[PDB]
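What follows is the content of start-v2.tsv, which has TSV, C-alpha atoms:
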chain	number	residue	atom	x	y	z
A	1	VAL	CA	89.63	131.85	72.31
A	2	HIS	CA	89.03	128.17	73.11
A	3	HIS	CA	90.59	126.36	76.09
A	4	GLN	CA	89.64	122.67	76.43
A	5	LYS	CA	91.05	119.67	78.34
A	6	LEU	CA	94.33	121.46	79.20
A	7	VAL	CA	95.30	118.68	81.68
A	8	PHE	CA	93.91	115.26	80.68
A	9	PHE	CA	94.28	112.04	82.75
A	10	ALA	CA	93.21	108.97	80.71
A	11	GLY	CA	94.18	106.48	83.46
A	12	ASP	CA	93.89	106.56	87.29
A	13	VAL	CA	95.45	109.03	89.73
A	14	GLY	CA	96.59	107.38	92.96
A	15	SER	CA	97.41	110.27	95.32
A	16	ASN	CA	97.76	114.05	94.91
A	17	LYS	CA	99.62	115.95	97.66
A	18	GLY	CA	100.67	118.81	95.31
A	19	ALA	CA	98.82	121.05	92.83
A	20	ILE	CA	96.92	120.15	89.65
A	21	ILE	CA	95.81	123.35	87.86
A	22	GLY	CA	94.19	123.74	84.43
A	23	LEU	CA	95.01	127.41	83.84
A	24	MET	CA	97.11	129.53	86.25
A	25	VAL	CA	96.82	133.33	85.85
A	26	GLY	CA	97.42	134.73	89.37
A	27	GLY	CA	97.60	134.05	93.12
A	28	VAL	CA	99.77	131.74	95.24
A	29	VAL	CA	99.40	127.93	95.29
B	1	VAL	CA	93.62	130.50	69.20
B	2	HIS	CA	93.10	126.85	70.16
B	3	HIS	CA	94.68	125.21	73.22
B	4	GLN	CA	93.81	121.52	73.73
B	5	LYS	CA	95.27	118.64	75.78
B	6	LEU	CA	98.50	120.54	76.58
B	7	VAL	CA	99.51	117.91	79.19
B	8	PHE	CA	98.22	114.41	78.34
B	9	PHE	CA	98.64	111.29	80.55
B	10	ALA	CA	97.66	108.11	78.65
B	11	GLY	CA	98.66	105.78	81.52
B	12	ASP	CA	98.35	106.02	85.34
B	13	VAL	CA	99.83	108.64	87.67
B	14	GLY	CA	100.98	107.16	90.98
B	15	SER	CA	101.72	110.17	93.21
B	16	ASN	CA	101.98	113.94	92.63
B	17	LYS	CA	103.77	116.01	95.30
B	18	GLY	CA	104.78	118.78	92.83
B	19	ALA	CA	102.90	120.86	90.25
B	20	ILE	CA	101.04	119.77	87.10
B	21	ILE	CA	99.87	122.86	85.16
B	22	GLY	CA	98.27	123.06	81.70
B	23	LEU	CA	99.01	126.72	80.95
B	24	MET	CA	101.04	128.99	83.28
B	25	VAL	CA	100.67	132.76	82.70
B	26	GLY	CA	101.21	134.33	86.15
B	27	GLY	CA	101.38	133.82	89.93
B	28	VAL	CA	103.58	131.67	92.17
B	29	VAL	CA	103.30	127.85	92.39
C	1	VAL	CA	97.66	129.10	66.16
C	2	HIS	CA	97.21	125.48	67.28
C	3	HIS	CA	98.81	124.02	70.43
C	4	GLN	CA	98.02	120.34	71.10
C	5	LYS	CA	99.53	117.59	73.29
C	6	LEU	CA	102.71	119.60	74.02
C	7	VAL	CA	103.76	117.12	76.76
C	8	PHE	CA	102.56	113.55	76.06
C	9	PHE	CA	103.03	110.55	78.41
C	10	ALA	CA	102.14	107.26	76.65
C	11	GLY	CA	103.17	105.09	79.63
C	12	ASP	CA	102.82	105.49	83.43
C	13	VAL	CA	104.23	108.25	85.65
C	14	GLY	CA	105.39	106.95	89.04
C	15	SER	CA	106.04	110.07	91.13
C	16	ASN	CA	106.22	113.82	90.38
C	17	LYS	CA	107.94	116.04	92.97
C	18	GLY	CA	108.90	118.73	90.38
C	19	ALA	CA	106.99	120.64	87.69
C	20	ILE	CA	105.18	119.37	84.58
C	21	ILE	CA	103.96	122.34	82.50
C	22	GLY	CA	102.39	122.34	79.02
C	23	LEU	CA	103.05	125.98	78.11
C	24	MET	CA	105.01	128.40	80.34
C	25	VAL	CA	104.55	132.13	79.59
C	26	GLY	CA	105.03	133.87	82.97
C	27	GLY	CA	105.18	133.54	86.78
C	28	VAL	CA	107.42	131.54	89.12
C	29	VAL	CA	107.22	127.73	89.51
D	1	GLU	CA	104.27	146.91	99.04
D	2	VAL	CA	105.32	143.25	99.41
D	3	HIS	CA	103.09	140.57	97.85
D	4	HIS	CA	102.85	137.12	96.16
D	5	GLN	CA	105.53	135.04	97.91
D	6	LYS	CA	105.78	131.32	98.70
D	7	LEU	CA	108.25	130.20	101.44
D	8	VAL	CA	109.09	126.55	102.21
D	9	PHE	CA	111.55	126.39	105.20
D	10	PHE	CA	112.96	123.30	107.02
D	11	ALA	CA	112.09	120.15	105.04
D	12	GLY	CA	114.13	117.88	107.38
D	13	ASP	CA	114.60	117.91	111.18
D	14	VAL	CA	115.66	120.77	113.45
D	15	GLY	CA	117.57	119.59	116.56
D	16	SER	CA	117.52	122.57	118.90
D	17	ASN	CA	116.20	126.15	118.72
D	18	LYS	CA	117.59	128.48	121.41
D	19	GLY	CA	117.20	131.64	119.25
D	20	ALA	CA	114.41	133.05	117.07
D	21	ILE	CA	112.67	131.57	114.03
D	22	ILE	CA	110.10	133.94	112.43
D	23	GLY	CA	108.04	133.28	109.27
D	24	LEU	CA	107.01	136.85	108.41
D	25	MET	CA	108.03	139.96	110.42
D	26	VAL	CA	106.30	143.28	109.52
D	27	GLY	CA	107.62	146.50	111.12
E	1	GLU	CA	100.85	146.64	102.80
E	2	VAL	CA	101.83	142.94	102.99
E	3	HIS	CA	99.52	140.38	101.33
E	4	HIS	CA	99.19	137.03	99.49
E	5	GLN	CA	101.84	134.81	101.12
E	6	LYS	CA	102.00	131.05	101.74
E	7	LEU	CA	104.46	129.75	104.40
E	8	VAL	CA	105.22	126.05	105.01
E	9	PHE	CA	107.70	125.69	107.96
E	10	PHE	CA	109.05	122.49	109.63
E	11	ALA	CA	108.10	119.46	107.52
E	12	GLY	CA	110.10	117.04	109.74
E	13	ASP	CA	110.59	116.88	113.53
E	14	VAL	CA	111.73	119.61	115.92
E	15	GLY	CA	113.63	118.25	118.95
E	16	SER	CA	113.66	121.12	121.43
E	17	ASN	CA	112.43	124.73	121.42
E	18	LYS	CA	113.89	126.91	124.20
E	19	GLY	CA	113.56	130.17	122.20
E	20	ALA	CA	110.79	131.74	120.10
E	21	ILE	CA	108.99	130.45	117.01
E	22	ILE	CA	106.47	132.94	115.54
E	23	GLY	CA	104.38	132.48	112.37
E	24	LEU	CA	103.43	136.10	111.68
E	25	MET	CA	104.53	139.09	113.82
E	26	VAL	CA	102.87	142.49	113.09
E	27	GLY	CA	104.28	145.60	114.82
F	1	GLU	CA	97.46	146.27	106.56
F	2	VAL	CA	98.35	142.54	106.57
F	3	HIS	CA	95.97	140.12	104.82
F	4	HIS	CA	95.55	136.86	102.82
F	5	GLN	CA	98.16	134.51	104.33
F	6	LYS	CA	98.24	130.73	104.79
F	7	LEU	CA	100.68	129.25	107.37
F	8	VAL	CA	101.36	125.50	107.80
F	9	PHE	CA	103.84	124.96	110.71
F	10	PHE	CA	105.13	121.66	112.22
F	11	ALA	CA	104.10	118.75	109.99
F	12	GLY	CA	106.06	116.18	112.08
F	13	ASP	CA	106.57	115.84	115.86
F	14	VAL	CA	107.79	118.43	118.36
F	15	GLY	CA	109.68	116.89	121.31
F	16	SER	CA	109.79	119.64	123.92
F	17	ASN	CA	108.64	123.28	124.08
F	18	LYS	CA	110.17	125.29	126.95
F	19	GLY	CA	109.90	128.65	125.09
F	20	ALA	CA	107.16	130.38	123.09
F	21	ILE	CA	105.31	129.27	119.96
F	22	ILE	CA	102.84	131.88	118.63
F	23	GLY	CA	100.72	131.61	115.45
F	24	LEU	CA	99.85	135.28	114.94
F	25	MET	CA	101.03	138.15	117.20
F	26	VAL	CA	99.45	141.61	116.63
F	27	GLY	CA	100.94	144.61	118.49
G	1	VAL	CA	137.92	97.54	136.53
G	2	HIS	CA	136.29	101.01	136.78
G	3	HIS	CA	134.37	102.43	133.80
G	4	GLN	CA	132.52	105.70	134.46
G	5	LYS	CA	130.96	108.47	132.31
G	6	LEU	CA	132.62	107.19	129.11
G	7	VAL	CA	130.45	109.52	126.95
G	8	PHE	CA	129.46	112.75	128.76
G	9	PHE	CA	127.14	115.46	127.35
G	10	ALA	CA	127.25	118.63	129.52
G	11	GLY	CA	124.93	120.60	127.20
G	12	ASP	CA	121.83	119.66	125.15
G	13	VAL	CA	121.52	117.08	122.38
G	14	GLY	CA	119.18	118.20	119.60
G	15	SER	CA	118.60	115.04	117.54
G	16	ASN	CA	120.23	111.61	117.27
G	17	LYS	CA	119.68	109.56	114.09
G	18	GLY	CA	122.93	107.55	114.54
G	19	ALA	CA	124.45	105.56	117.42
G	20	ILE	CA	125.60	106.73	120.87
G	21	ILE	CA	127.29	103.83	122.72
G	22	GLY	CA	129.15	103.87	126.05
G	23	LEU	CA	131.14	100.66	125.62
G	24	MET	CA	131.02	98.52	122.45
G	25	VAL	CA	132.27	94.92	122.80
G	26	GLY	CA	130.29	92.93	120.18
G	27	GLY	CA	127.28	92.82	117.84
G	28	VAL	CA	126.18	94.99	114.91
G	29	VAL	CA	124.83	98.56	115.30
H	1	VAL	CA	133.60	94.86	137.75
H	2	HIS	CA	132.05	98.35	138.17
H	3	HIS	CA	130.14	99.94	135.27
H	4	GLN	CA	128.37	103.22	136.09
H	5	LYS	CA	126.86	106.12	134.08
H	6	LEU	CA	128.48	104.95	130.81
H	7	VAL	CA	126.34	107.43	128.78
H	8	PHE	CA	125.44	110.59	130.74
H	9	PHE	CA	123.17	113.42	129.48
H	10	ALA	CA	123.37	116.48	131.79
H	11	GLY	CA	121.08	118.61	129.58
H	12	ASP	CA	117.95	117.83	127.51
H	13	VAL	CA	117.56	115.39	124.62
H	14	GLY	CA	115.23	116.69	121.92
H	15	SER	CA	114.56	113.64	119.72
H	16	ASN	CA	116.11	110.19	119.28
H	17	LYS	CA	115.49	108.30	116.02
H	18	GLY	CA	118.70	106.19	116.36
H	19	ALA	CA	120.19	104.04	119.13
H	20	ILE	CA	121.39	105.03	122.62
H	21	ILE	CA	123.02	102.00	124.32
H	22	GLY	CA	124.90	101.86	127.64
H	23	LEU	CA	126.81	98.62	127.04
H	24	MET	CA	126.63	96.63	123.78
H	25	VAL	CA	127.80	92.99	123.96
H	26	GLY	CA	125.75	91.17	121.27
H	27	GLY	CA	122.72	91.24	118.94
H	28	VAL	CA	121.65	93.57	116.12
H	29	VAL	CA	120.40	97.14	116.69
I	1	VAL	CA	129.22	92.21	138.87
I	2	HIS	CA	127.75	95.71	139.46
I	3	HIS	CA	125.86	97.48	136.65
I	4	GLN	CA	124.17	100.76	137.64
I	5	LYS	CA	122.72	103.78	135.77
I	6	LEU	CA	124.29	102.73	132.44
I	7	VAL	CA	122.19	105.34	130.54
I	8	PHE	CA	121.39	108.43	132.65
I	9	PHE	CA	119.17	111.36	131.53
I	10	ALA	CA	119.46	114.31	133.98
I	11	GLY	CA	117.21	116.59	131.88
I	12	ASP	CA	114.04	115.98	129.80
I	13	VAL	CA	113.58	113.68	126.81
I	14	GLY	CA	111.26	115.16	124.19
I	15	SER	CA	110.51	112.23	121.86
I	16	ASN	CA	111.97	108.76	121.26
I	17	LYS	CA	111.29	107.04	117.91
I	18	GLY	CA	114.44	104.85	118.13
I	19	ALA	CA	115.90	102.54	120.79
I	20	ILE	CA	117.15	103.34	124.32
I	21	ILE	CA	118.72	100.20	125.86
I	22	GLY	CA	120.62	99.86	129.16
I	23	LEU	CA	122.45	96.62	128.40
I	24	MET	CA	122.20	94.78	125.05
I	25	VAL	CA	123.28	91.11	125.06
I	26	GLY	CA	121.18	89.46	122.30
I	27	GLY	CA	118.14	89.70	120.01
I	28	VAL	CA	117.11	92.18	117.30
I	29	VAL	CA	115.93	95.76	118.04
J	1	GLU	CA	120.28	78.22	109.61
J	2	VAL	CA	119.69	81.96	108.99
J	3	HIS	CA	119.03	84.20	112.01
J	4	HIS	CA	119.39	87.67	113.62
J	5	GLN	CA	119.01	90.10	110.70
J	6	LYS	CA	117.61	93.64	110.50
J	7	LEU	CA	116.56	94.99	107.05
J	8	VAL	CA	115.53	98.61	106.38
J	9	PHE	CA	114.50	98.98	102.66
J	10	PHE	CA	113.11	102.08	100.84
J	11	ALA	CA	113.41	105.15	103.09
J	12	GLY	CA	112.17	107.53	100.34
J	13	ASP	CA	109.42	107.14	97.70
J	14	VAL	CA	108.90	104.37	95.15
J	15	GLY	CA	107.23	105.59	91.93
J	16	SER	CA	106.06	102.41	90.21
J	17	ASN	CA	106.33	98.68	90.93
J	18	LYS	CA	105.55	96.44	87.94
J	19	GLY	CA	107.78	93.56	89.14
J	20	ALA	CA	108.31	91.81	92.49
J	21	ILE	CA	109.38	93.17	95.87
J	22	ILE	CA	109.78	90.48	98.56
J	23	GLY	CA	110.99	91.00	102.17
J	24	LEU	CA	111.94	87.43	103.05
J	25	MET	CA	111.68	84.43	100.67
J	26	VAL	CA	112.23	80.92	102.16
J	27	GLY	CA	112.48	77.95	99.76
K	1	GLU	CA	115.33	77.19	110.11
K	2	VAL	CA	114.83	80.96	109.67
K	3	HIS	CA	114.24	83.08	112.79
K	4	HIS	CA	114.69	86.47	114.56
K	5	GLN	CA	114.35	89.03	111.76
K	6	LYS	CA	113.03	92.61	111.73
K	7	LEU	CA	111.99	94.14	108.35
K	8	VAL	CA	111.04	97.81	107.85
K	9	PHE	CA	110.00	98.37	104.16
K	10	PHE	CA	108.66	101.58	102.50
K	11	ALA	CA	109.05	104.53	104.88
K	12	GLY	CA	107.85	107.07	102.25
K	13	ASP	CA	105.07	106.87	99.62
K	14	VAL	CA	104.47	104.22	96.95
K	15	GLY	CA	102.81	105.63	93.80
K	16	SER	CA	101.56	102.56	91.94
K	17	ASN	CA	101.75	98.79	92.50
K	18	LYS	CA	100.89	96.71	89.41
K	19	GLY	CA	103.06	93.73	90.46
K	20	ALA	CA	103.57	91.81	93.72
K	21	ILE	CA	104.70	93.00	97.15
K	22	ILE	CA	105.05	90.18	99.72
K	23	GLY	CA	106.29	90.51	103.33
K	24	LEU	CA	107.17	86.87	104.05
K	25	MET	CA	106.82	83.99	101.53
K	26	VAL	CA	107.30	80.41	102.85
K	27	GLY	CA	107.46	77.55	100.32
L	1	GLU	CA	110.36	76.24	110.60
L	2	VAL	CA	109.95	80.04	110.34
L	3	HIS	CA	109.42	82.03	113.56
L	4	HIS	CA	109.97	85.32	115.47
L	5	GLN	CA	109.67	88.02	112.79
L	6	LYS	CA	108.43	91.62	112.93
L	7	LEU	CA	107.41	93.33	109.63
L	8	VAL	CA	106.54	97.04	109.31
L	9	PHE	CA	105.49	97.79	105.66
L	10	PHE	CA	104.21	101.11	104.15
L	11	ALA	CA	104.68	103.94	106.66
L	12	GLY	CA	103.52	106.62	104.16
L	13	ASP	CA	100.73	106.60	101.54
L	14	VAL	CA	100.05	104.09	98.76
L	15	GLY	CA	98.40	105.68	95.69
L	16	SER	CA	97.06	102.73	93.71
L	17	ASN	CA	97.17	98.93	94.09
L	18	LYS	CA	96.24	97.02	90.91
L	19	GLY	CA	98.36	93.94	91.82
L	20	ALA	CA	98.84	91.87	94.98
L	21	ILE	CA	100.02	92.87	98.45
L	22	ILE	CA	100.32	89.93	100.89
L	23	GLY	CA	101.59	90.06	104.50
L	24	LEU	CA	102.39	86.38	105.05
L	25	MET	CA	101.96	83.63	102.40
L	26	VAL	CA	102.36	79.97	103.56
L	27	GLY	CA	102.44	77.23	100.89
In structure tokens, how does this file's structure come out?
Amino acid sequence: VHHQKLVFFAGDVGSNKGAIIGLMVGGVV
Amino acid sequence: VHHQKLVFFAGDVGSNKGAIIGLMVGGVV
Amino acid sequence: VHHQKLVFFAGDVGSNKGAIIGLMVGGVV
Amino acid sequence: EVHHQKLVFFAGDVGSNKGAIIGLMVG
Amino acid sequence: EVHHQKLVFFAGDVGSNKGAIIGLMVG
Amino acid sequence: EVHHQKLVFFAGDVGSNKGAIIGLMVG
Amino acid sequence: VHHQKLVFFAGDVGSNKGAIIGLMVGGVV
Amino acid sequence: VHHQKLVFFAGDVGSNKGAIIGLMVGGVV
Amino acid sequence: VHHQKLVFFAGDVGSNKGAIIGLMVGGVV
Amino acid sequence: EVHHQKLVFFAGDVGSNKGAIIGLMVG
Amino acid sequence: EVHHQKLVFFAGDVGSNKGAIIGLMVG
Amino acid sequence: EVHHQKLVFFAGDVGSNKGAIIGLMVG
């Protein structure tokens, strides 16, 4: 089982007001 | 089982107010 | 089993207020 | 048993409240 | 048993409250 | 038993409160 | 010759995002 | 010749984001 | 010839983010 | 002669500008 | 002659500017 | 002749500027 670079941003990210999650298994975001 | 670069952004991302998730298995976003 | 670059953005992304998910198996978004 | 909820209420303006507004009421 | 909740209430303006606004009420 | 909550209330302005605003009320 | 209480609010006004004008003779609102 | 109480609020006003004008003769609001 | 109490607030005013003008003859608001 | 204007542009979000956005251009 | 203007631009968010944004440009 | 202006630009957030943003440009 190999998980790598599941979300990849090659450029810039200006503003995050939401959620950025690699792997989401449980909980509330 | 090989998961790589499931969401890939080659350019810029201005603003995120929502969700960006690689792999979504459970929970509430 | 090989999952790669399931959602690919070659240009820019201005604003996300919704969901961008690579692979969606369970949960509520 | 009540668990794992997200609630997003009132994205715009609310003029007047003369009653009750309650997020979570238990019992 | 009540657990794991997120509540986001009133993203804009509220003019007037003359009643009750309660986040979490237990018992 | 009530546990693990996040509450975000009133992101904008509130003009006037003449009633009650309570975060968490126990008993 | 006598203008009085042309707009009368006996109760409460929650929010105004528009125009409330007594007497409108010229201009742009 | 007599202008009085052209806009009358007997109760409370919660929030104003617009215009409240007694008498509007010229200009831009 | 007599202008009096053109806008009258008998109760409270919570917040103003707009304009409250008695008499508007020229200009930009 | 150009006078007495009010301009309210872009009440929501703008994702991306790659061109020109100009309030007032004279000459 | 250009006079008496009010300009209210961009009430929400702007993600990315890669071009030009100019309030007032004279000549 | 350019006179008597009010400019209110960018009430929310700006993520990224890679270009130009100029209030007033004369000549």
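In this structure, CA of residue 28 in chain B sits 6.0 Å away from CA of residue 29 in chain C.
Shortest atom-to-atom contact with chain K among I:1, I:21, I:26, I:11: I:26, counting only C-alpha atoms.
Counting all atoms listed in the file, every residue of chain J that comes within 12 Å of chain G is listed here: residues 4, 5 and 6 of chain J.
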How about saving the chosen residues, C-alpha atoms kept, as a tab-separated table (two decimals), in the frame of the given file?
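Produced file out.tsv, reproduced below:
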chain	number	residue	atom	x	y	z
J	4	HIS	CA	119.39	87.67	113.62
J	5	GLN	CA	119.01	90.10	110.70
J	6	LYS	CA	117.61	93.64	110.50
Which centre and which edge lengths, in Å to one decimal, describe the axis-aligned box that holds all listed atoms of range 5-19 of chain G after 5 Å is added on each side, as AutoDock Vina command-line options?
--center_x 125.6 --center_y 113.1 --center_z 123.2 --size_x 24.0 --size_y 25.0 --size_z 28.2
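Going from CA of residue 18 in chain E to CA of residue 20 in chain D covers 9.4 Å.
The space separating CA of residue 9 in chain J from CA of residue 9 in chain D comes to 27.7 Å.
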Using 9 Å as the limit and counting only C-alpha atoms, can you tabulate each residue of chain F that touches chain D, with its shortest atom-to-atom distance in Å and the two atoms involved, as a tab-separated table?
residue	atom	partner	partner_atom	distance
F:2	CA	D:26	CA	8.5
F:7	CA	D:23	CA	8.6
F:12	CA	D:13	CA	8.8
F:19	CA	D:18	CA	8.5
